[PDB]
Amino acid sequence: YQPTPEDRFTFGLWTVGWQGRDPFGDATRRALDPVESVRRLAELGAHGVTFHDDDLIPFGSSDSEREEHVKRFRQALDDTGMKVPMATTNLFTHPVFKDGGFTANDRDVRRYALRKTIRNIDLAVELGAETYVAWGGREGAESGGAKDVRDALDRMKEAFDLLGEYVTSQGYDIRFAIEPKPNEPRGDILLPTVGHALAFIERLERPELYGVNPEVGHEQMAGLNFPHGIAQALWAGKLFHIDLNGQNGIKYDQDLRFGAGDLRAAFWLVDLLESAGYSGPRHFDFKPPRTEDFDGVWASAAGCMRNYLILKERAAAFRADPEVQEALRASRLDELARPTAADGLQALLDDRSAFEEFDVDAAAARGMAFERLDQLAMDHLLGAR
Amino acid sequence: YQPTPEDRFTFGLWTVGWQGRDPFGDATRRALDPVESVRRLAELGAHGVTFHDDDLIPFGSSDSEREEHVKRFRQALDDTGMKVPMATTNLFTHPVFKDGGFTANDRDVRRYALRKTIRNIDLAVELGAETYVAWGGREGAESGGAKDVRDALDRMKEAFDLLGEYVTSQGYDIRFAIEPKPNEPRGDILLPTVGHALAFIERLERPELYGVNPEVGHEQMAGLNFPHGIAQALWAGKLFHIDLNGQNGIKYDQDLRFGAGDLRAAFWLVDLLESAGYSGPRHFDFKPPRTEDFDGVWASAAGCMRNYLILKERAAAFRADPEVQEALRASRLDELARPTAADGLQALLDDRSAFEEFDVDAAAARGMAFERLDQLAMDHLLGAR
Amino acid sequence: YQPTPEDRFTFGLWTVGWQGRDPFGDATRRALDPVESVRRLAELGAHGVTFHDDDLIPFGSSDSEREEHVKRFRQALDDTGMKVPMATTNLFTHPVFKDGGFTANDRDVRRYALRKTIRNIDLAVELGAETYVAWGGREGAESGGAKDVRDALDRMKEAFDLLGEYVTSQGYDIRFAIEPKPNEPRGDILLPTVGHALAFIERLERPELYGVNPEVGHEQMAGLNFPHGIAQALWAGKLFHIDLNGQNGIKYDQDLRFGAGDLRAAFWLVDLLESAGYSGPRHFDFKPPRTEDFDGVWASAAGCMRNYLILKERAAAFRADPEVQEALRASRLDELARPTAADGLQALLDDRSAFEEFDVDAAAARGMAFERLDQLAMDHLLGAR
Amino acid sequence: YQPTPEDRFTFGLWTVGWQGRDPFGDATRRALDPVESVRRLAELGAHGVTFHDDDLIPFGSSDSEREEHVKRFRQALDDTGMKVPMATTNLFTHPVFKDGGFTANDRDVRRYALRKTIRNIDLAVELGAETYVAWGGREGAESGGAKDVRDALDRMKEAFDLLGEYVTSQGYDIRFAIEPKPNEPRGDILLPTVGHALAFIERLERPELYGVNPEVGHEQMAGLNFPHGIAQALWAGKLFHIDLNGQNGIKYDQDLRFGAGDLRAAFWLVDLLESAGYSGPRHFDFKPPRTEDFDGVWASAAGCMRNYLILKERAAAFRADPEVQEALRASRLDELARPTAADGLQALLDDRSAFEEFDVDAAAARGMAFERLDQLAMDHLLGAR
């Protein structure tokens, strides 16, 4: 279960570089040099890294400081052949963004947010990012009066439309991926799920330019089925990127290493991604627990990729197993793929077998055989076949 | 706080009619005659009633039995002047639907589900329904292998497309409203939130024919902000109908009377509906707790309407209060309503005041004054102003 | 992973015998004869069965009907050598119990609840039950005014004290196990967690007679760590019995087969039970999903026991692995077992190494190595060592 | 609704003093001088303030630095007549506590934690604290192997026993209050609910010295009914102190001002505290949202107290209302207060009216009238009576 760069595993600078500050705790680790992160992740078999602007270039950097940070980073990338498939803006950390970036009540803040984003889009393109992620962590409210959500959605559309106009004007190929999260740090965050983000995108001027960057933990913070959400994103053609981590149901965003939290959900996710032929980065947005030293950081990072590869093997064996294939037939997964009424409305209306002469009781009596199928899945996950 | 018909309060037959069977409990109340329900609801100042097919006509009724049930119901409606603004299909109760209606793995069940729906659409239109609701309560899974969600969404789209074709073919004015729910009775339900439903609708052949019927409790079962969800639905022009009730956060679907559960959320919902000039039914999908006799049923129903009317008064008083108008200005709600960059992309890019010359620290230092605003809101809700 | 009776796997009649009625659904399976359940479970390698009074003897049975039901049951038990280690009362299904048994507001209902319980205690003793379970599913409220909880706890203590007096008076060896659940079917249930039940027991007249019967799904309905709860129960000497099943975090009580839901929690539970040398029944309180026919029922039941046995093997291999043993030392699990201050208060106060001369920074710099340990645990669970 | 000192409203230094650092955000406010906090809180009509050691004296202060901080604080207290009814230790912020204080795997950390606590107990007593709170925020785990919970509870008991020995040895009157929290910042925290804490206390050497300090938000993070929890604490005689704030169900710890979050729960809490004649501090552990400037801080703090006083008025009016007294009788709350079987076990056994001759159907038919009662409660809360 050794990762190779062809596996397209990527990590945010901010993941292995998390110093372990939480709402009740000071840092437990010194800052990481992005250069060290690039080299160490390469050694572990990573494909690439990602960054917020402010991960790579300290906020408030001079142009000359900015140049030096980027130069050193590119030297590390060039030396190792590591890629930068995705980049994003920090519109959450600085107190200016305390009521949001794109949907800050203060108009001057909204304009600044856009300029900050646009600057980093340029850098992303220079570094070869195919996807530009937007997580609106500060977009929302703790109280009802604070935020008119219709107005906020107007501002959010305006922002994303302007970003679309910008990339088009520049002839960039980069696409946008909106990252939903239901809450935290805001009491409620706008576009709280994959669903809300997908719906919003349809109302943008150039919807083709926007998809989703769903995160395992985020959907699970709403107690939602992450594989189901990813399925709908795939169905919409909108899975531009994905964030992989672990979460123990409905609490604060834990950002455990992938495979931790809901193990079975991780299995069904990997099954879906591989079955669907998702070709995007397998990106880990995770935090090595602050209990850990740097040995633990790199162990946790390695664990992300290991767990993906184990689950990939087990999902593949599941699908390849003739006993499972028969179980799928027994459960009529194959019938689910048949059109309901390719014969058309009139044919359906005129079909006595579909109502008048439908034996509801015979149909009802048919077991779905789902439990046998699921225990085959369990056996395969646990290598108990 | 006396309800009158022009308040547009409506109830499902299945609400006041709930006999109090739960997963651990037998009925605590005898079945209600729909005729009595109509009469009692009329006396309480209800505008209308709604029904599943199987609430009005017992499943498997003969034509003569069906005619007699509909005859008696129509007489009650005519006697009282009660309206039927909405109806729906029961695609969840009968064992045949144990793996779904429209997305049953069994093709013959999918076809039956459609025929059952179409039959009731005709009756709904006869009785004057402007909205036809679909709650796909059995669409989903308890286990990962049981349901291919991409295939399921293909079948779901086919079903809704066919229903659209049908209403078009008949020259009906009735529109569909998809009712999301995250879980229960399936382990996970497809289209689990307002977001997922809105997204799905955009992929239908005739999206204009479909909106959402969000339920307070359902969004809150995912820990989501219901007012925020309703805001997004309104933003999308897709709030065709709404289900009002109470829920205490993330647990089984409680269907408490409206005002119970999250009282603050109820306030902000009514504020939004009234502000936005929602003109649809105020429909209660609730269950009088099984502790109650019939006196308690009618008390609970009266409570739904009473609570709406109190909250309406308090929300209106909030928005009218000069002190609140000043607080909203202090919190820059007015700035939120102004376009971020009506001067356009190029002007934004060239605006040094938006970046190089933006005083981030001065902006960050401005308090949002949200707490003062919210306490004004609290004072108004509690009548302590 | 073949179960043997020595494994002490037990099932409620109501588990495999669940006909699949849920709050939105009619039965999907015919009723099971307890006699068939005994014989089929025996064939699958079960140790025993359990029952509510009303599972074995239909409510309202004549004495002669009661005698015939029990006679047939005992013939099946005697034929197979199947045991009845636990029994319980149904104080939830009948509408009389709509506001509770022991803490019904109606005093006459409370007295009836006790008499119903006492009758079944006698039967339990006849059948050789070592544990008598009480799940107060109807003890609680949907509204604040309905239930004075101090009064309710007075009534609950009175009831349990009377039950203690009864078993003592009869010289029975049977002990009581209180089963917590946070909600459902009541909006909130009294003694909602293992903690609340443990605390309550300490205030009973004869606390030695009472322990807990924790259920996986129930604790997880409060988003709690079930293994942690079981640890505290073990610490208190109060794990008389346990209910094993699966649950996907915070929603309605799913009662999935054991191993389903939170797989990693199941692993850590089995690790703890085996490590602690828990000698009580491994009891499954689960429901074969209503999607299933009887083939699926028995497959689901078999899966309960299979999953326990796989997890038992993996937990044992984890603990036996010298690499894991070293990881545990690296993480100072062994230091956790050392008394903090066996040298006593004065010694601690006078110990400069404990404050004045404690190098906080050196201590802080020590990594806990928890991530390496946890990935060893993951490898072992998945058989990827 | 003007607060005055005799209302016993108290605030942590860390509440109004919160600089607004969260897991995704830098400070939005400058540090507050405790002297200013004391003065401002006094002007708002606060009774008292509380502190962690490290709120009052910066970690690692010299004796001269410590004396100067305490000197200035004492002067503020003396100037204003503000009391210090409670204090506590910070065993969570410093990296040394990253795996806990009392249940750190590292023995030397456990000993340090105790010495740090004991130092502050002395200061607490000097300043007139009647209660010493312990929130073990770092006691727990993110992973299953990291913490043996039985061993941890052994260490936790040792720690609390030693603290009991200390206060006894010094002849202090101060009592301990353990503050439960289910999670955050640990993945799971030991003693996660009021229940678990109550249970644990019963196993201490001197249980009379220990109660609970429950927090609204903490119980609600497990989706529990806070009033119910407080009722059980009162029942046990263990409500030594209470933390008041707001929380929106199952998510990160929000620490909204009291009255925000679950408003209904706030009502029923105040009703209970006042009815039970709780005489302890009404302490607010809250954070003014980081959106706010200092004007917003003091508004938020004022809101805490205002909301308590409104709810107090409404609860008193509810209980005083003859209509409510009648509704409570109709719902048999008076019957709940009567012993079930003061006639004793034998009399109960011999009472045919309790079984053979009990009319179950007549009992079942009696409505509980809970909905009428609750709507009276709603009317009173909203001032609509």
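Each chain carries a letter (A, B, C and D) given by its place in the written order, and its residues are counted from 1.
Criterion: a contact is a pair of C-beta atoms (placed from the backbone, for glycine too) under 8 Å apart; a residue touches a chain by one contact, two chains touch by 3 or more.
Between the interfaces A-B and B-D, more contacting C-beta pairs are found at A-B.
Residue-numbered contact pairs of A-D overlap by over half with those of B-C, the repeat interface among C-D, B-C or A-C.
Between the Cα centres of chain B and chain D there is a gap of 37 Å. Chain A and chain B have Cα centroids separated by 29 Å. Of all residues in chain A, those touching 2 or more other chains are 28, 94-95, 98-99, 142-143, 146, 182-183, 188, 221, 223, 250-251, 260, 264, 289, 291, 364, 366, 368, 370-371, 374, listed in ascending order. Chain B meets chain C in the complex at residues 20-28, 92-95, 98-99, 137-138, 142-143, 146, 182-185, 187-188, 221, 248, 250-254, 256, 260, 289-291.
In the complex of the two chains, the chain C residues touching chain D come out as 94-96, 98-99, 102-103, 105-112, 114-116, 118-119, 140-155, 158-159, 162, 165-166, 169, 182-183, 188, 190-200, 202-203, 221-225, 227-229, 231-232, 234-236, 250, 264, 267-268, 271, 276, 324, 327-328, 331-333, 335-341, 345, 348-349, 351, 353-355, 358, 360-361, 363-364, 366, 368, 370-371, 373-374, 376-377. Contact residues of chain B toward chain D in the complex are 1, 28, 220, 223, 248-251, 257, 259-264, 288-289, 291-296, 299-300, 302-303, 306-307, 310, 314, 364-372, 374-375, 378-379, 381-384.
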